[PDB]
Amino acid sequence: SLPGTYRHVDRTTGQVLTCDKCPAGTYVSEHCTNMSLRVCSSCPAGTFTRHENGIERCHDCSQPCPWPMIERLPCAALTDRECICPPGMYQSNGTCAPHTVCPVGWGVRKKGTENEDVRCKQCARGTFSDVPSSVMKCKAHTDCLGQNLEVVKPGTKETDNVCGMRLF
């Protein structure tokens, strides 16, 4: 039972044996017997074992990455291949979906990842987004006074302050 062991019933003698586990990257090619320790063999190409184990066959690797996913992790003796969505997309259902574009009047509020869509928010008062973008955040209105000009047209969610000079 103890966690480095597994239980195995000798297929001829019927005896209940306590065998030692094999390392990850390996599987049991020969169970222990009355006289002998279990024998381990390396996972063949296209299979893997992630953990210490007492199993008779390595796990088949996942299918190769379906377009447009890319492989960050190859199939190897200790690892399943790992497929992820290319930049600017995220895992949706079983495929890749483009990141949500935050339109004019909106800016990124939570950045987009390979597992999670972009989250957008309405630019707050005093800021604006004049571009649809899945990465740009909201930008503060140009300070017109700060460069010795007047606000000739107040900014909105969608538009910057318009600076200018006026005569009277």
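One-based numbering along the sequence shown.
- When the mean C-alpha temperature factors of 19 to 27 and 149 to 157 are read from the deposited coordinates, 149 to 157 comes out higher.
- Set 64 to 72 against 40 to 48 and average the Cα temperature factors; 64 to 72 ends up higher.
- Among the modelled residues of the chain, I55 sits in the lowest third by CA temperature factor in this PDB entry.
- When the modelled residues of the chain are ordered by C-alpha B-factor, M89 sits in the middle third.
- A77: CA B factor in the lowest third of modelled residues in this chain (values from the PDB entry).
- In the deposited entry, the Cα temperature factor of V104 places it in the lowest third of its chain's modelled residues.
- Annotation for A140: CA B-factor lies in the highest third of the chain's modelled residues.
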